[PDB]
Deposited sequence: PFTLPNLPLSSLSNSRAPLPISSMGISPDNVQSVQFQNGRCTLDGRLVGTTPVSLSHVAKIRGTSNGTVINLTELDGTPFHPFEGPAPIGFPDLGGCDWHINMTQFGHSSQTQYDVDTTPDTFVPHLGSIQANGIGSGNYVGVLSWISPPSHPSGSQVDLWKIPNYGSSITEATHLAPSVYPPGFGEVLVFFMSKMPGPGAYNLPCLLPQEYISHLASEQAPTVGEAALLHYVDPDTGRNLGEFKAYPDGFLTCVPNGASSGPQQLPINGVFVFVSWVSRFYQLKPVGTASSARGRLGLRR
């Protein structure tokens, strides 16, 4: 029926950058809902936001610099239009930080580091343009390399739970994700992101979970999916979790000892059955 990848978490990838998943976590005290644009897929198999099927499209950009601006296109080279979304499919969605994209060219040698500040009004990927920060004329394909603290919210710290400013504060943003409540906490898959700090990138689903869900457009019954996080070596059930139709998991923490982050990351999520949205999970 409905299925999730029968693969160990630590072997999967983040969905907002091509990084391996290192642990599971929760949002900080000051984050209730999130609105990531990448790593968004319904249990139905419907890609949301700028989420691509393949990790080979994640946190990447493509376009032509005329010396002052870079006109964006799909990674494909086919045109991008505002009505389609906040930015081209795959566009980085890491807010609260400056980006450093590695730029390459088909037909040309070498690479160039592209420093991106997502706060000026020259940064408008929704309208198909972003400031060329010294990147000279030519066609480029870039991938997020490493990040750093924001240049203009002067002195501010890296905050990856945020999303960048796509439009020039209606960019057709994917709806934001809200915790169901009543004891249930949203689970995030974390990864370490290169840069001058101990940066941790969260995402709602592992990228392979997305390609798998988009592949298995399973007629998802039930308002919520009861899953077991199991150790593939012992078959031991390490705790119950829930998967909602919008494409996110939750669980119930155990007060102090905590929950998700305590669990080892070599486990596998297994679909046990369709339950009601109001089903109660045993702690973890």
Checklist outcome for this item: Per the record, the structure omits deposited positions 169, 171-172, 288-301
